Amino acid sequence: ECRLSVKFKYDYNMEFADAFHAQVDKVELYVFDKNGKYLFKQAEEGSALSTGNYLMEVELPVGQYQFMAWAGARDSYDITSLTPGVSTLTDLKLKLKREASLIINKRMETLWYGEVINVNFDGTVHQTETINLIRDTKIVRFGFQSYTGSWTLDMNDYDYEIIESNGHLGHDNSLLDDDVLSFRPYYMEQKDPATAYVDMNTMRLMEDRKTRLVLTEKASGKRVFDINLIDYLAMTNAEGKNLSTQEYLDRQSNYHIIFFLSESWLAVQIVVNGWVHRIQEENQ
């Protein structure tokens, strides 16, 4: 007669505060048993989640379970379909959809990973479990300007890519083996050459990856800029906070980076969300 409820939170962000009700409009809870065998999933989405008091009511027999979730997953992603009593956690995988070209140029609906929890429900009390959500999709606005302003960098001369094989996530949120994808702008603006920017997005930024930002000249097809974005972000100060690289990468999901370049396409300095950082030539 007692009921088991699930609370979802999204406080693992740079505001260190829960933004679930404000940002997450779909949760899908996966339930596995004592043995790690899949039992079912349960999806809810829409206005219910926005109240500030959303709880998911989960009908479950007395017993021990593991829960995890994916939140926000809609048309951009294929999540494997599991068979009750047959499949286990390691069967659950999420893959960003791509065509043969391996180019992604759409803005994906924001994706959150719900960490795995052990749940022991004996039916004697009303109980609420909490799912903790980690943002996996990362939005970046890039600007490119002359450091001395002695030449005008024109942003429509080039193509822009973020290159990584981060499009296949396991049940533990780890990057599975996958093809390397080319993430390219979903929006570009050069109204004021000083205003000018491209908006891009990618999947998880990992401290142990070497995710690349690559610019290619339309005219020649020559690559003019090729940097390790993870490394450029690691060199920074996590926006003044006391964070490990991975924690900053997980917590922050909007990155507005201006590159101030030499005439020879060397980054002299970058500005990441307002923070100025000199790039040491040896680490360019």
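Numbers follow the displayed sequence, beginning with 1.
Set 103-111 against 144-152 and average the Cα temperature factors; 144-152 ends up higher. The deposited model assigns a higher average Cα B-factor to 35-43 than to the other stretch when 65-73 and 35-43 are compared. Within the group 136, 189, 179, 172, the record's highest C-alpha temperature factor is found at 189. Between the residues 84, 167, 185, 193, it is 193 that shows the highest Cα B-factor in the PDB record.
Residue 159: CA B factor in the highest third of modelled residues in this chain (values from the PDB entry). In this PDB entry, the Cα temperature factor of residue 200 sits in the bottom third of its chain's modelled residues, the lowest group. Looking at the C-alpha B-factors along this chain, the one for residue 247 belongs to the middle third. Annotation for residue 125: C-alpha temperature factor in the middle third relative to the rest of the modelled chain, per the entry. The entry lists a Cα temperature factor for residue 79 that places it in the middle third of the chain's modelled residues.
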